[PDB]
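Starting off, we have a lone chain in the form deposited without the ligand, written out as structure tokens.
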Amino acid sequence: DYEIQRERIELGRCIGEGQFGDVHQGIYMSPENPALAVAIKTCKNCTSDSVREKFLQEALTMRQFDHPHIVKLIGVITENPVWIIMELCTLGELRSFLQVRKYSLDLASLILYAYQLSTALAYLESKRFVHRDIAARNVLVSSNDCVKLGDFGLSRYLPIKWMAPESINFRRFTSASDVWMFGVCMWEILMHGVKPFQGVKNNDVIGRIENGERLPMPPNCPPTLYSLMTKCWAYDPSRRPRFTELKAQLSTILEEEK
């Protein structure tokens, strides 16, 4: 079912670098589509079954989900060299896309990306699934008006500057900690792909959060949208909103502002 014939895949150019190897773009010639554009995650040292098991674990998680704003798993090739076939997001990483398009993208498009992300996260919340790594780096751009959530293997597991205080202090990951992370991610989107807490040491971050310090309101930001992020950044997890509420709030923001 998930096992794909290698001869149906035609490997193309290297589009990125991953945890286990190089990510490539390619073509999948199935009975349906003459040439579907795909992304091929490769694995360098996958002759070792321990590495193999770790690499293939992403595909095991991936098959459970089906959502328009989550990267779709097309298949796997378990014979060496081991490959993971995923739907291609041609425009690449969100961080990079936002940096490049800083003086072209409107606020309506920025709010749209957050909305789309909040729909994927609400779907994951419905499946009682905890992502553990919501960041602009783990978001892919399919088109000018479509973003997807990727990275379900936990590449950086340390993103201290995105983590909720209880994750830093006690390694507690819940639906509430995912909300905090989404808050930081909405800040990064409005900050046009700028990393949070620049020139601040990781060990000094928790000290600041505990003292009530937060990320400033971006220059191009509706105060109503910043009001929403500050709700995600409540110290007490039980006080943070859920993704069904954030989804609904971003809908009104999308309309009222632009």
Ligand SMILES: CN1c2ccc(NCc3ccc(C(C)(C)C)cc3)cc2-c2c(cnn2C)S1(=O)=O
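Shifts are known only where both forms have a C-alpha. Under this definition, the rigid core comprises the largest set of C-alpha atoms superposing within 1.5 Å between the forms. All residue numbers are counted from 1 along the displayed sequence.
Keep in mind that the form deposited with the ligand bound is missing from the display, and what follows is about it.
Clash check, the ligand transplanted in the deposited bound form by site C-alpha superposition, 2.4 Å backbone/C-beta | Here the site is blocked.
Within a 4.5 Å heavy atom cut-off, is residue 70 in contact with the ligand in the deposited bound form?
-> Residue-level check for residue 70: yes, a contact with the ligand.
Heavy atoms within 4.5 Å of the ligand in the deposited bound form: does residue 225 have any?
-> No.
Could you confirm whether residue 62 comes within 4.5 Å of the ligand in the deposited bound form, counting heavy atoms only?
-> Answer yes; at least one heavy atom of residue 62 falls within 4.5 Å of the ligand in the deposited bound form.
State yes or no: in the deposited bound form, is some non-hydrogen atom of residue 182 no more than 4.5 angstroms from a non-hydrogen atom of the ligand?
-> Judged by the heavy-atom cut-off of 4.5 Å, residue 182 is in contact with the ligand in the deposited bound form.
Name the stretch, out of 75-83, 143-151, 164-172, 104-112, where some heavy atom lies within 4.5 Å of the ligand in the deposited bound form.
-> Contact-bearing stretch, as computed: 143-151.
In a superposition on the rigid core, which residue from 114, 149, 86, 135 has a CA displacement reaching 2 Å or more between this form and the one not shown?
-> Single residue meeting the criterion: 135.
Cα separation of residue 102 and residue 132 in the deposited bound form versus here, shift of 3 Å or more = More distant in the deposited bound form, by 3 Å or more.
Given a CA distance change of at least 3 Å, are residue 136 and residue 73 closer or farther in the deposited bound form?
-> Closer together, by at least 3 Å.
Regions shifting between this form and the one not shown, defined as 3+ consecutive residues whose CA atoms all move 2 Å or more relative to the core | These are the shifted runs between this form and the one not shown: 17-19, 60-62, 128-137, 152-155.
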